[PDB]
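Beneath this line is the structure, given in structure tokens, with notes to follow.
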Amino acid sequence: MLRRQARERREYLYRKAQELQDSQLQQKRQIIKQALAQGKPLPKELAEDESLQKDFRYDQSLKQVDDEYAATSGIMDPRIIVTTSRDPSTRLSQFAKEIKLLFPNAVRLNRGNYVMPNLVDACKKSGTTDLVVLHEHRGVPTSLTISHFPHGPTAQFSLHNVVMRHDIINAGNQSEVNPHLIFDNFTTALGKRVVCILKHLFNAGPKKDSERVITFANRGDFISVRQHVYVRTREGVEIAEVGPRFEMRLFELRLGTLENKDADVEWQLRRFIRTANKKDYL
Amino acid sequence: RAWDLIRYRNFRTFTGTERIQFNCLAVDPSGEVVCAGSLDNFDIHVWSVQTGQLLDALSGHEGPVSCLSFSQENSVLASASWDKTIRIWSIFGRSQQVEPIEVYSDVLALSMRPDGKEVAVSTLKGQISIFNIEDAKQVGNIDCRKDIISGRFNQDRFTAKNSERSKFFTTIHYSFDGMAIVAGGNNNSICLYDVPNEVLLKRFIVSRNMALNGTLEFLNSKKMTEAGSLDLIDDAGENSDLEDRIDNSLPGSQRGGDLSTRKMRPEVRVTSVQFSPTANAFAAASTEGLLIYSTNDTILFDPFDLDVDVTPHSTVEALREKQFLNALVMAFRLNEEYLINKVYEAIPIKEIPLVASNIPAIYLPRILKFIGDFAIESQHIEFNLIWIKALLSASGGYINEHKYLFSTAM
Amino acid sequence: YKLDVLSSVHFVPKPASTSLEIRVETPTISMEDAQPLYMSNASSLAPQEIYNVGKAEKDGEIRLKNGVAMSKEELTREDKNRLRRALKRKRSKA
Amino acid sequence: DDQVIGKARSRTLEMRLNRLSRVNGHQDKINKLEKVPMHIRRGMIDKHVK
Amino acid sequence: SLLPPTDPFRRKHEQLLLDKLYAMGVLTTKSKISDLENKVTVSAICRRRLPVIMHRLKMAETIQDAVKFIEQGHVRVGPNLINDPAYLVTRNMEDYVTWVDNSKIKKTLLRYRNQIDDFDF
Amino acid sequence: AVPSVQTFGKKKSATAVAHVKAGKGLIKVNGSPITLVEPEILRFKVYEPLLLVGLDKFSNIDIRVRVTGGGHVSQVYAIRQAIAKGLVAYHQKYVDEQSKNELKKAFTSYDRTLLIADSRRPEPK
RNA sequence: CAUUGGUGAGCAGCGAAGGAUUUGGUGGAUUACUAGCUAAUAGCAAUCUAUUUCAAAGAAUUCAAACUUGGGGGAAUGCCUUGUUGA
RNA sequence: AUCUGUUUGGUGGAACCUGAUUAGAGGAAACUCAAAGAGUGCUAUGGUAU
RNA sequence: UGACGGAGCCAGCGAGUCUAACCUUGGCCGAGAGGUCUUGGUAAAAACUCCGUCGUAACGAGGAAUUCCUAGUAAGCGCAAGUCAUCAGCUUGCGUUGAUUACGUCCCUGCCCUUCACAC
Ligand SMILES: [Mg+2]
Ligand SMILES: [Mg+2]
Ligand SMILES: [Mg+2]
Ligand SMILES: [Mg+2]
Ligand SMILES: [Mg+2]
């Protein structure tokens, strides 16, 4: 096991490095294809590259979701573990339960004295696809980190204006159908990356008449999360909040499991640069 | 692939999603669930026989799954791996539980007692360890490394004694009685151990052919030269016919192709062993073929509770005096087949129900074995059926209480 | 073949594909190898395979997989409605 | 282009690629006669001219 | 290659041949189809031989040294000892290459780090 | 050279290293006699191997055990496991294998933790 | 204080005209023991060869014969096949 | 000095990077056995042969 | 299932020439700036084992309702770090001691799914 994971990751890192190099050659093959179809003369560098023209003959017959999810996207449903920080207060335990109910295939595991390297290794054995850890401050959730196994990525979020369902009187019980997912206003390449991470947490192929909808709405990089149950009426659709409400803002994203503090950082939040407030990345 | 023998059809075929090779297999007693393990996946796939769908993929091993087996009674699944652990899965039931048991070394083979209460595992250290499933604690251990006979190959540069090539048992199996284990590996020995006392009953040499590579512990010094072993010199050139001279061997192959592909001599090894459900015999697959060892000749004299008064001569008068029960019991005490046969056929049909009820409980397993061995090839179909009817009616309750003592006989 | 033998047959399985076979009804003995013994005598096609009760040949008649046949003249109006609804459900699931 | 198979497809692609190259690629580097020894090449030319 | 570019048969077989070679380890990458003609070489197959793979895995200092250990019966792939220095190790089998349990080599490794446990041996 | 074997026992973070050599029945833990191991309530725990197989076997060997890490209880379990493993290893290497088998049988009959490490690895459910 | 580090100086104990370490060479084994040579239904073993030659038998239109080549592209002059010119 | 801590020389050679090499790199013996390279010495003298 | 004192002894995380008070009383030097000293006040591993001594206005373990929890889990104990968001009215890690009770049931309450052999 441990050897294979190390070997596989090294093979992946090598593959990515080659692909970045191979990007230039891929563009060159596109120019050759366009010229042959349209008839325009080739550029000088291509016209003089005898090797590429020969290699093009074989490569003529060459033809999305992120790579880590590509293997199992839509094939195996995800398996999720939702845990918390050591000695969690009561409110975080209730919040952790709500996150467990949000995701259909989530399981709530108690973190009393579990060591973080031991935690991931136990989860990797049991086939867990994703791990969620929650932090709190005086019984108010503050952070949420999502780690995708076997080799990342790890996305860390900060939760604001959290309003739990336990704060509602006579709320009732949730419905646990495969919910419909709404991802609105995710445009940048990072935004697509964030959407892919959050999308694969849910089971594939919700029923067309499923009456539960989860929406992640990006509004100035503060991703709003809402949960609703709808009824299609004769002159429109009416919806009702099920909760919880919270706004989650990405502040880190690393290529590795949350245990590995050495994982290469794909993106971080730079708060002190001069033009920080000007642009919104998501 | 599932085969139906009554019509010789591949009535169902299962396949994993991730394109995984399968090396071990185990089938539920109910014939409704099939599970297979791999050397490439670390997971035990499970399918439903009736529908063919993949029920689930059991995970938890950190090494490839080397073997599997279902309990005939309890229906638990016991799996072992090169992870140096054994896991008991309660897949049936509302709730799923896994109970891992650690071992000293890698596990290569596993056998389940017909009771379903214990499991024996052969490790790479050369140890057959028996564990109790319900308690998940060890109940015995058998050393095998000294027992195993392994031969130096012509190509090795190291002695057989220092050789660690095969000093473990890659397959094992219980006797249906539950008291004996027969083991074999990539070696020149089939060892039969007795579980309760942890002793080697007998050892069998698989082959005595020097054409096979692993037969001999000590090689002739004359073959060694400055050039090397004379056997390692390839003499294909001398062969008169072209098809003999041509060499088609791939440089690095070891298994999965024709002998010509190897370029090296076949190696003596026992791929698998099993006991006979119906007779006191066991079959061992090897390179030469399936060697079947049986006790059918039974030339041995193995009297049981014999005394001075019991004699082959003395038995005959008990027939002449019409004391059939005393004749029959005395026949078993000598345990002579020819005498038991003589008494068996001389008893009149009128007295069979009388005698059958009065046979001592100790000798009931023996007679049932005899009738089973005798009836298959004997011409007295009705007479045996009268006997079988008499015994089962008289001692049906006793047989049910002791199932595994009477399993092969029944 | 050459690559598999070279790698000691530690290869990776090929993509699964679906193909059609034609099974010809024959006595099971013929499928066996040649020696003075046979181990089964049944036919190579199961009874369902020989004849499966299907749709009624006559339009008025309604025939079900259980073998029950009802001609529409027999059926009461409630029965006619009930069977029509059952046909609607059976079509919908397919 | 879809139907053509065999040597014709290999020769067709090379002819198309050379034509596009001649416009911009320098004459020396775009086209290079395959190396053949002296005595052979005069033999091929003499017969071909014949 | 000579088959027409858009042909489904061409794309299918070429992809199969790329995956098979990559799994064996002959091909480092599966991206470009030209690799079948450019990057298929005898040296590529040789580098997957057991002596070289140990050297890359640092189980030996040099290829010649690693060959000697195979002939000495110190090296196992899985539970099977191997004395043939031409064993072609696939990518998945490369994880199971290890010293024999009682090898003097294995004792030196643990002794050098003061981690030798004589119960195991 | 003097015949000697080395073994390890581990319980949580407590690790014990036991050297067993030919000698005169000198058992020590951290440079002190085994009788002084604390806490006294669990002292017999450390004695469990010595009493199971009999002191006669130890009369011919010296055992030196160095313990580090963990708390009191984990250190006690590390010490007992190290002593048992070291004794079995010494009987394997420099005495008959039959005695090795008898020792293993006795220890596994009493408590298999004396030989196999007890690792309470987490299991998600 | 501990060395399960090296090099030494000496006891206890073991202990019959000495004890220990390394090493060259040959012999017997490492598969189950019916004898040597030749022109072999017998001679020889000191060989003959001064009878060792004749006789008889013995020749597929198979008059076929690379099952034997690393991949791609060619091959002037060669070689194979087919046709053709003139004797 | 249970003072101070820079420098010189010796011991040792983690990471990164660069260069060369690669059936890893060496060492010792000779009246040993080979395959080659350079220079040097020798009247090295039939222009048509007693 | 106390308090006081003494003794014995056991962890794992953590290494930026970087790590950390305030307000006063006065002497002397100095053109000044300031330098040095003097002076009072304020603020700022544990568990565990053994031994010895004493001794059993508000509040004495917290109602009704309601929430959470299945193994190195609940609970108890301390030590570190503060890692671009949050956090010091605190947050996150680290080790130590470590249980009881269930691991069945769909009876109640919710949520969900259904209407290629042999045998059925
Ligand atoms: Mg707690
Ligand atoms: Mg705390
Ligand atoms: Mg906290
Ligand atoms: Mg349950
Ligand atoms: Mg000698």
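The way I read the labels, and the way they are meant: chains A, B, ... in the order of the structure tokens, residue 1 as the first residue of every chain, and ligand 1 as the first ligand shown, with later ones counted on from there.
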Running DSSP on the backbone, which parts of segment 33-77 of chain C land in helix (DSSP H, G or I), as a tab-separated table (two decimals) with N, CA and C atoms, in the first residue's frame?
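Result file is part_11.tsv:
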```
chain	number	residue	atom	x	y	z
C	47	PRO	N	-35.96	-25.40	-20.73
C	47	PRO	CA	-37.35	-25.37	-21.21
C	47	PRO	C	-37.86	-23.97	-21.54
C	48	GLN	N	-37.48	-22.96	-20.76
C	48	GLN	CA	-37.87	-21.60	-21.11
C	48	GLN	C	-37.35	-21.23	-22.49
C	49	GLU	N	-36.13	-21.65	-22.81
C	49	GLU	CA	-35.51	-21.27	-24.07
C	49	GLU	C	-36.25	-21.88	-25.26
C	50	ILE	N	-36.81	-23.08	-25.08
C	50	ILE	CA	-37.50	-23.74	-26.18
C	50	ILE	C	-38.81	-23.03	-26.49
C	77	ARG	N	-66.01	-5.29	-17.74
C	77	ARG	CA	-65.48	-3.96	-18.02
C	77	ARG	C	-64.45	-3.54	-16.97
```
* **Neighbour list for segment 92-105 of chain I as a PyMOL selection string, cut-off 8 Å, only C-alpha atoms (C1' of nucleotides), skip fewer than 3 positions in-chain** => (chain A and resi 85) or (chain F and resi 70-71) or (chain I and resi 11-13+47+70+72+76-77+79-81)
Requested write-out: N, CA and C atoms (P, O5', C5', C4', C3', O3' and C1' of nucleotides) of the selected residues, as a PDB file, in the first residue's frame:
```pdb
ATOM      1  N   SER A  85     -12.390  19.217  15.557  1.00  0.00           N
ATOM      2  CA  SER A  85     -11.158  19.410  16.300  1.00  0.00           C
ATOM      3  C   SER A  85     -11.239  18.697  17.649  1.00  0.00           C
TER       4      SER A  85
ATOM      5  N   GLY F  70       6.320   7.165  26.711  1.00  0.00           N
ATOM      6  CA  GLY F  70       5.070   6.696  27.266  1.00  0.00           C
ATOM      7  C   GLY F  70       4.979   6.939  28.763  1.00  0.00           C
ATOM      8  N   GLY F  71       3.871   6.465  29.333  1.00  0.00           N
ATOM      9  CA  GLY F  71       3.623   6.556  30.751  1.00  0.00           C
ATOM     10  C   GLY F  71       4.043   5.305  31.497  1.00  0.00           C
TER      11      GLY F  71
ATOM     12  P     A I  11      10.101   9.206  29.928  1.00  0.00           P
ATOM     13  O5'   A I  11       8.897  10.087  29.376  1.00  0.00           O
ATOM     14  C5'   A I  11       8.890  10.584  28.048  1.00  0.00           C
ATOM     15  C4'   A I  11       7.507  10.523  27.456  1.00  0.00           C
ATOM     16  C3'   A I  11       7.303  11.297  26.164  1.00  0.00           C
ATOM     17  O3'   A I  11       7.666  10.524  25.034  1.00  0.00           O
ATOM     18  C1'   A I  11       5.548  11.781  27.692  1.00  0.00           C
ATOM     19  P     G I  12       8.898  10.938  24.092  1.00  0.00           P
ATOM     20  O5'   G I  12       8.191  11.593  22.829  1.00  0.00           O
ATOM     21  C5'   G I  12       7.088  10.954  22.201  1.00  0.00           C
ATOM     22  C4'   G I  12       6.044  11.957  21.785  1.00  0.00           C
ATOM     23  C3'   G I  12       6.563  13.164  21.020  1.00  0.00           C
ATOM     24  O3'   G I  12       6.712  12.887  19.639  1.00  0.00           O
ATOM     25  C1'   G I  12       5.088  13.870  22.740  1.00  0.00           C
ATOM     26  P     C I  13       7.966  13.443  18.805  1.00  0.00           P
ATOM     27  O5'   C I  13       7.339  14.619  17.937  1.00  0.00           O
ATOM     28  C5'   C I  13       7.240  15.929  18.467  1.00  0.00           C
ATOM     29  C4'   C I  13       5.942  16.595  18.087  1.00  0.00           C
ATOM     30  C3'   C I  13       6.061  18.051  17.657  1.00  0.00           C
ATOM     31  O3'   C I  13       6.368  18.194  16.282  1.00  0.00           O
ATOM     32  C1'   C I  13       4.422  17.876  19.335  1.00  0.00           C
ATOM     33  P     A I  47      -0.788  16.735  40.004  1.00  0.00           P
ATOM     34  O5'   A I  47      -1.849  15.904  39.160  1.00  0.00           O
ATOM     35  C5'   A I  47      -2.278  14.622  39.588  1.00  0.00           C
ATOM     36  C4'   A I  47      -2.900  13.841  38.460  1.00  0.00           C
ATOM     37  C3'   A I  47      -3.157  12.372  38.746  1.00  0.00           C
ATOM     38  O3'   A I  47      -4.351  12.149  39.473  1.00  0.00           O
ATOM     39  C1'   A I  47      -2.069  12.578  36.667  1.00  0.00           C
ATOM     40  P     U I  70     -21.607   7.704  18.105  1.00  0.00           P
ATOM     41  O5'   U I  70     -20.959   6.443  18.824  1.00  0.00           O
ATOM     42  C5'   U I  70     -19.734   6.571  19.537  1.00  0.00           C
ATOM     43  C4'   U I  70     -19.231   5.240  20.028  1.00  0.00           C
ATOM     44  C3'   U I  70     -18.987   4.199  18.939  1.00  0.00           C
ATOM     45  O3'   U I  70     -17.860   3.395  19.279  1.00  0.00           O
ATOM     46  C1'   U I  70     -20.575   3.374  20.476  1.00  0.00           C
ATOM     47  P     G I  72     -10.359   1.831  18.046  1.00  0.00           P
ATOM     48  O5'   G I  72      -8.898   2.067  18.639  1.00  0.00           O
ATOM     49  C5'   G I  72      -8.436   3.378  18.953  1.00  0.00           C
ATOM     50  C4'   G I  72      -9.082   3.911  20.208  1.00  0.00           C
ATOM     51  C3'   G I  72      -8.748   5.362  20.551  1.00  0.00           C
ATOM     52  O3'   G I  72      -9.887   5.987  21.137  1.00  0.00           O
ATOM     53  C1'   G I  72      -8.132   3.978  22.345  1.00  0.00           C
ATOM     54  P     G I  76     -14.103  16.179  31.338  1.00  0.00           P
ATOM     55  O5'   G I  76     -12.858  15.707  32.208  1.00  0.00           O
ATOM     56  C5'   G I  76     -13.019  15.417  33.587  1.00  0.00           C
ATOM     57  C4'   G I  76     -11.768  14.835  34.195  1.00  0.00           C
ATOM     58  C3'   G I  76     -10.486  15.626  34.005  1.00  0.00           C
ATOM     59  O3'   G I  76     -10.377  16.732  34.881  1.00  0.00           O
ATOM     60  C1'   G I  76     -10.073  13.338  33.606  1.00  0.00           C
ATOM     61  P     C I  77      -9.400  17.949  34.510  1.00  0.00           P
ATOM     62  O5'   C I  77      -7.981  17.255  34.311  1.00  0.00           O
ATOM     63  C5'   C I  77      -7.218  16.825  35.428  1.00  0.00           C
ATOM     64  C4'   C I  77      -5.783  16.561  35.053  1.00  0.00           C
ATOM     65  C3'   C I  77      -5.077  17.678  34.311  1.00  0.00           C
ATOM     66  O3'   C I  77      -4.625  18.706  35.176  1.00  0.00           O
ATOM     67  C1'   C I  77      -4.623  15.611  33.255  1.00  0.00           C
ATOM     68  P     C I  79       1.021  22.916  32.223  1.00  0.00           P
ATOM     69  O5'   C I  79       1.788  22.307  30.972  1.00  0.00           O
ATOM     70  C5'   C I  79       3.000  21.590  31.140  1.00  0.00           C
ATOM     71  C4'   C I  79       3.615  21.246  29.809  1.00  0.00           C
ATOM     72  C3'   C I  79       3.746  22.406  28.839  1.00  0.00           C
ATOM     73  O3'   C I  79       4.915  23.170  29.078  1.00  0.00           O
ATOM     74  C1'   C I  79       2.757  20.566  27.734  1.00  0.00           C
ATOM     75  P     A I  80       5.188  24.517  28.254  1.00  0.00           P
ATOM     76  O5'   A I  80       5.636  23.991  26.824  1.00  0.00           O
ATOM     77  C5'   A I  80       5.743  24.882  25.728  1.00  0.00           C
ATOM     78  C4'   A I  80       5.471  24.181  24.425  1.00  0.00           C
ATOM     79  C3'   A I  80       5.077  25.079  23.267  1.00  0.00           C
ATOM     80  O3'   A I  80       6.206  25.664  22.645  1.00  0.00           O
ATOM     81  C1'   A I  80       3.610  23.225  23.377  1.00  0.00           C
ATOM     82  P     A I  81       6.290  27.251  22.429  1.00  0.00           P
ATOM     83  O5'   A I  81       5.550  27.468  21.040  1.00  0.00           O
ATOM     84  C5'   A I  81       5.924  26.710  19.901  1.00  0.00           C
ATOM     85  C4'   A I  81       4.826  26.694  18.870  1.00  0.00           C
ATOM     86  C3'   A I  81       4.187  28.035  18.562  1.00  0.00           C
ATOM     87  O3'   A I  81       4.953  28.809  17.659  1.00  0.00           O
ATOM     88  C1'   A I  81       2.504  26.405  18.865  1.00  0.00           C
TER      89        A I  81
END
```
* Asked: Taking the backbone alone, and naming residues the way the document does, which bits of segment 18-256 of chain A are strand (DSSP E or B) by DSSP, as a ChimeraX atom specification?
  -> /A:80-84,106-108,130-137,140-148,154-163,180-184,212-219,222-232,237-241,245-255
Residue subset to file, keeping C-alpha atoms, as a PDB file, in the first residue's frame:
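The new file out01.pdb reads:
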```
ATOM      1  CA  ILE A  80     -17.330  11.095   3.235  1.00  0.00           C
ATOM      2  CA  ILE A  81     -16.186  11.349   6.854  1.00  0.00           C
ATOM      3  CA  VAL A  82     -17.081  14.474   8.841  1.00  0.00           C
ATOM      4  CA  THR A  83     -14.996  15.096  11.965  1.00  0.00           C
ATOM      5  CA  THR A  84     -14.010  17.977  14.237  1.00  0.00           C
ATOM      6  CA  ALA A 106     -21.402  11.262   5.106  1.00  0.00           C
ATOM      7  CA  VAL A 107     -20.508   9.573   8.394  1.00  0.00           C
ATOM      8  CA  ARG A 108     -19.786  11.380  11.655  1.00  0.00           C
ATOM      9  CA  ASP A 130     -13.284  12.818   1.192  1.00  0.00           C
ATOM     10  CA  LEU A 131     -12.623  14.033   4.736  1.00  0.00           C
ATOM     11  CA  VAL A 132     -14.148  17.137   6.338  1.00  0.00           C
ATOM     12  CA  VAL A 133     -12.778  18.737   9.515  1.00  0.00           C
ATOM     13  CA  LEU A 134     -14.528  21.610  11.293  1.00  0.00           C
ATOM     14  CA  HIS A 135     -13.124  24.199  13.697  1.00  0.00           C
ATOM     15  CA  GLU A 136     -14.961  26.484  16.101  1.00  0.00           C
ATOM     16  CA  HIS A 137     -14.548  29.541  18.318  1.00  0.00           C
ATOM     17  CA  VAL A 140     -19.385  29.314  16.601  1.00  0.00           C
ATOM     18  CA  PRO A 141     -17.998  27.448  13.552  1.00  0.00           C
ATOM     19  CA  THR A 142     -15.141  29.386  11.950  1.00  0.00           C
ATOM     20  CA  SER A 143     -13.330  27.116   9.475  1.00  0.00           C
ATOM     21  CA  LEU A 144     -14.007  24.113   7.256  1.00  0.00           C
ATOM     22  CA  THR A 145     -11.411  22.056   5.387  1.00  0.00           C
ATOM     23  CA  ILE A 146     -12.159  19.480   2.686  1.00  0.00           C
ATOM     24  CA  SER A 147      -9.508  16.903   1.767  1.00  0.00           C
ATOM     25  CA  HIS A 148      -9.849  14.527  -1.183  1.00  0.00           C
ATOM     26  CA  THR A 154      -7.149  20.015   0.312  1.00  0.00           C
ATOM     27  CA  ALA A 155      -9.437  23.060   0.320  1.00  0.00           C
ATOM     28  CA  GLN A 156      -9.754  25.204   3.451  1.00  0.00           C
ATOM     29  CA  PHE A 157     -12.635  27.623   4.015  1.00  0.00           C
ATOM     30  CA  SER A 158     -13.707  30.182   6.609  1.00  0.00           C
ATOM     31  CA  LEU A 159     -17.378  30.173   7.629  1.00  0.00           C
ATOM     32  CA  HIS A 160     -19.221  33.414   8.438  1.00  0.00           C
ATOM     33  CA  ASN A 161     -22.725  34.285   9.651  1.00  0.00           C
ATOM     34  CA  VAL A 162     -23.451  30.649  10.481  1.00  0.00           C
ATOM     35  CA  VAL A 163     -27.064  29.930  11.467  1.00  0.00           C
ATOM     36  CA  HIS A 180     -30.106  18.976  -6.810  1.00  0.00           C
ATOM     37  CA  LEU A 181     -27.006  21.162  -6.970  1.00  0.00           C
ATOM     38  CA  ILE A 182     -26.852  24.803  -8.084  1.00  0.00           C
ATOM     39  CA  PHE A 183     -23.456  26.429  -8.713  1.00  0.00           C
ATOM     40  CA  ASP A 184     -23.909  30.059  -9.744  1.00  0.00           C
ATOM     41  CA  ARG A 212     -34.347  18.976  -2.263  1.00  0.00           C
ATOM     42  CA  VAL A 213     -31.939  21.527  -3.758  1.00  0.00           C
ATOM     43  CA  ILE A 214     -28.541  22.729  -2.522  1.00  0.00           C
ATOM     44  CA  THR A 215     -27.206  26.000  -3.942  1.00  0.00           C
ATOM     45  CA  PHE A 216     -23.679  27.424  -3.764  1.00  0.00           C
ATOM     46  CA  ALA A 217     -23.877  31.057  -4.899  1.00  0.00           C
ATOM     47  CA  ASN A 218     -20.646  33.015  -5.282  1.00  0.00           C
ATOM     48  CA  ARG A 219     -21.076  36.712  -4.445  1.00  0.00           C
ATOM     49  CA  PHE A 222     -18.123  34.690  -0.322  1.00  0.00           C
ATOM     50  CA  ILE A 223     -19.781  31.446  -1.407  1.00  0.00           C
ATOM     51  CA  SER A 224     -23.284  31.438   0.067  1.00  0.00           C
ATOM     52  CA  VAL A 225     -24.674  28.003   0.957  1.00  0.00           C
ATOM     53  CA  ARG A 226     -28.419  27.398   1.239  1.00  0.00           C
ATOM     54  CA  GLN A 227     -30.613  24.295   1.399  1.00  0.00           C
ATOM     55  CA  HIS A 228     -34.216  24.343   0.176  1.00  0.00           C
ATOM     56  CA  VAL A 229     -37.172  22.047  -0.475  1.00  0.00           C
ATOM     57  CA  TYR A 230     -39.408  23.028  -3.393  1.00  0.00           C
ATOM     58  CA  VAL A 231     -42.926  22.274  -4.617  1.00  0.00           C
ATOM     59  CA  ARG A 232     -43.890  22.853  -8.250  1.00  0.00           C
ATOM     60  CA  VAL A 237     -42.455  27.092  -7.754  1.00  0.00           C
ATOM     61  CA  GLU A 238     -42.375  27.785  -4.010  1.00  0.00           C
ATOM     62  CA  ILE A 239     -39.315  27.028  -1.890  1.00  0.00           C
ATOM     63  CA  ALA A 240     -38.588  26.886   1.844  1.00  0.00           C
ATOM     64  CA  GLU A 241     -35.303  27.157   3.727  1.00  0.00           C
ATOM     65  CA  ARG A 245     -27.048  29.186   6.357  1.00  0.00           C
ATOM     66  CA  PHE A 246     -23.362  30.018   6.116  1.00  0.00           C
ATOM     67  CA  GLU A 247     -20.975  31.863   3.808  1.00  0.00           C
ATOM     68  CA  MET A 248     -17.710  30.073   3.104  1.00  0.00           C
ATOM     69  CA  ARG A 249     -14.684  31.867   1.648  1.00  0.00           C
ATOM     70  CA  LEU A 250     -11.742  29.919   0.267  1.00  0.00           C
ATOM     71  CA  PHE A 251      -8.354  30.891   1.679  1.00  0.00           C
ATOM     72  CA  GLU A 252      -6.074  28.000   0.648  1.00  0.00           C
ATOM     73  CA  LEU A 253      -5.899  25.050  -1.738  1.00  0.00           C
ATOM     74  CA  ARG A 254      -3.047  22.537  -1.672  1.00  0.00           C
ATOM     75  CA  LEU A 255      -2.040  19.583  -3.840  1.00  0.00           C
TER      76      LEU A 255
END
```
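The residue set within 6 Å of segment 68-76 of chain G, counting only C-alpha atoms (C1' of nucleotides) and dropping same-chain residues fewer than 4 places from it, reads residues 40, 43 and 44 of chain D.
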* To do: With only C-alpha atoms (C1' of nucleotides) and all ligand atoms counted, collect every polymer residue having an atom within 7 Å of ligand 1; state the result as a PyMOL selection string.
  => (chain A and resi 87+112) or (chain I and resi 74-75)
* Throw together the list of residues within 9 Å of ligand 5, counting only C-alpha atoms (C1' of nucleotides) and all ligand atoms, and drop it here as a PyMOL selection string. => chain G and resi 23-25
* To do: Please identify every residue of chain B that has at least one atom no more than 12 Å from any atom of chain I, counting only C-alpha atoms (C1' of nucleotides), and report them as a PyMOL selection string.
  => chain B and resi 1-13+30-32+49-52+93-98
